[PDB]
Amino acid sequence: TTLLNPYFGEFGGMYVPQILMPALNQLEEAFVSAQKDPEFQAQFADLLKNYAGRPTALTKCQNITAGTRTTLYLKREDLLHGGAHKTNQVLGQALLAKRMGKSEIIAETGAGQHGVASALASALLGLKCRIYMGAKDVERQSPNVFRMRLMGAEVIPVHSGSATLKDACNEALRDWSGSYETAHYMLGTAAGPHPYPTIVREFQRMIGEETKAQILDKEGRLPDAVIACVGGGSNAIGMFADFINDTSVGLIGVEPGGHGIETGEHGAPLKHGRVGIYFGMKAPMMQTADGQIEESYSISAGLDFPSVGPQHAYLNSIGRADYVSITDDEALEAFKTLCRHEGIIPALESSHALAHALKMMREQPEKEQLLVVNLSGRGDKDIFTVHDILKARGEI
């Protein structure tokens, strides 16, 4: 029995060991309570405004659309404290942890951005934070590992399985199953068992609410489409949610195409995987023919979650949202173009969303369209990766 529906059509659910069900039910009840509590909402609003820096700008891009009938805005989650959208919902989940009388936080991270957000929220709010991270990810994300550690979090390398994000997700669930009386599991995306897809959406939905108010103020109408990258689905559902009932507004999610869909070296399970059951949910998966879970490949570290949030799978199935992919090379070009033409260095994850908007523009340059790209993070963290690629090619 739950208070809220755990499914989005056929997708979602609570596929955890029975031992974890009380933890999920407790969290759902606390969330439902919190959402009706003006005091909780005021504390959340205060952290968002005065600590994280909301509202974030909506920037009209002055140069990249020249000579076309596209008007492109960027929702600037790159300017949030921590440098990505991840900060929004960590602040809400840390408050839920306190509401439940928890003193400890567990989080998983792949690229390290969710880990940093979890660490900063835990430091501010007096929670003891431990972060599981695949050993392969720890090795390749020493800067983020160090930030997490500077902020007082314990970073625990995970050596089981593939030593990547999925394996870290498993370890976090294993810990929580034993520790949930005192620890909260701060899941980093709009996936996993109910109630996480619901909570993460509601704690990211200010992205879309602000975008709607800003675009109305500036243009006097809604956007033709809003465009966001999809790793597990949090920044995209945060942008989408407030527009779902505005049926004229396109909702476009961009999965990583990696080396190309046809190579199989990609991270686009929603359109190119197969429904399975893993990490607490029924959703499209990267998986072998005989049902072993596989990794997502992308140049971008943060588009590594090898499934996708069940609400995206649902929105796709009913035709409300459309999902596409963008390759490594397309993302890299969009990165370079935004740096040179707008003076904004975008995360490589976000660069996938931008690349698809640039394609919408360039393919049909006389089509009038008002687009918003969710710029989920800044790309400082990516300049070494980009540097190394541009040298290898011989561009530098």
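In this text, residue numbers run from 1 along the sequence as written. C-alpha atoms forming the largest set that superposes within 1.5 Å between two forms make up the rigid core.
Take 145-153 and 241-249, fit the other structures onto the shown form by the rigid core, and average the C-alpha distances in 4 other deposited structures of this protein: the farther stretch is 145-153. Comparing 218-226 with 104-112 by root mean square Cα distance to the shown form in 4 other deposited structures of this protein, with the rigid core used for the fit, gives 104-112 as the more displaced stretch. When 329-337 is weighed against 62-70, 62-70 comes out higher, by mean CA B-factor as recorded in the entry. Remark: stretch with higher mean C-alpha B factor among 173-181 and 223-231 is 173-181. Annotation for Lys136, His85, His266, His312: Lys136 ranks highest, by Cα B-factor. Highest C-alpha temperature factor among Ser162, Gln204, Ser300, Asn316 per the entry: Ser162. Ranked by C-alpha B-factor against the other modelled residues of its chain, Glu349 falls in the lowest third. In the deposited entry, the Cα temperature factor of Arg130 places it in the highest third of its chain's modelled residues. When the modelled residues of the chain are ordered by C-alpha B-factor, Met14 sits in the middle third. The deposited CA B-factor of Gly291 belongs to the highest third of values across its chain. The deposited CA B-factor of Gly258 belongs to the middle third of values across its chain.
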